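The data below hold one chain only, encoded as structure tokens and taken in the form deposited in one PDB entry.
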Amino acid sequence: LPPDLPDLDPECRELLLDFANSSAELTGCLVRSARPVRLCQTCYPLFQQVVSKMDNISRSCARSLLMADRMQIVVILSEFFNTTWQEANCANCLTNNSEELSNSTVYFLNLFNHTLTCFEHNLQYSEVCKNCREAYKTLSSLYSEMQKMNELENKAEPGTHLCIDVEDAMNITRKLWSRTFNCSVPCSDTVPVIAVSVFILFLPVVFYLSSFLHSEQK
């Protein structure tokens, strides 16, 4: 029988098996890094391996592996892995296989680890709020730097997200600071707001009544 239809080619079986264990490893690493999200900072080597192994297949086995069937496992699985990378925006915080993005990401994760070191020994949620308050603001200021940088260095679209483990690290500590520790203290200027608002809202009452009364008098 021809070594294409009923069975795999000798050089196509190994290529498919090589891509098989690479895709299995990436999928296992994706789940283990789902919570807390350490996706782009842990799965970046395995994702590159999968993409490279896709290229070797799609170079002498492309016909027998890529579009040989109605359902294309290798195409959809690699497309799914690509979509996961793009949606996670792991291109950010990864400058051509480099861990950082102009050292911004390692600095953020170093700051995030430093910031989270406060929230452990400052409990025994009172002493955390004022002791290293600037540590949270230092991290929070840096995060806003990347948002504007992401619209200048990258310039994809206003509102584009950064790489997910950076974005998740902000939310881990934002919810750990303004929600569990209640260290957020807005001033809540209320009585002057009420006095000013009722004064402005009372102006149309004067204007319409005075206009009506003045016309009636004359």
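Residue numbers run from 1 along the displayed sequence. Only the largest set of C-alpha atoms that superpose within 1.5 Å between the two forms is called the rigid core.
Although it is not shown, the form deposited in another entry is what the next lines describe.
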The one residue in 110, 97, 83, 141 whose CA moves 2 Å or more between this form and the one not shown on rigid core superposition is 97
Relative to what is shown, are the Cα atoms of residue 99 and residue 52 closer or farther apart in the other form, where the gap shifts by 3 Å or more? closer
Evidently the Cα separation of residue 102 and residue 37 changes by 3 Å or more in the other form, so the atoms lie closer
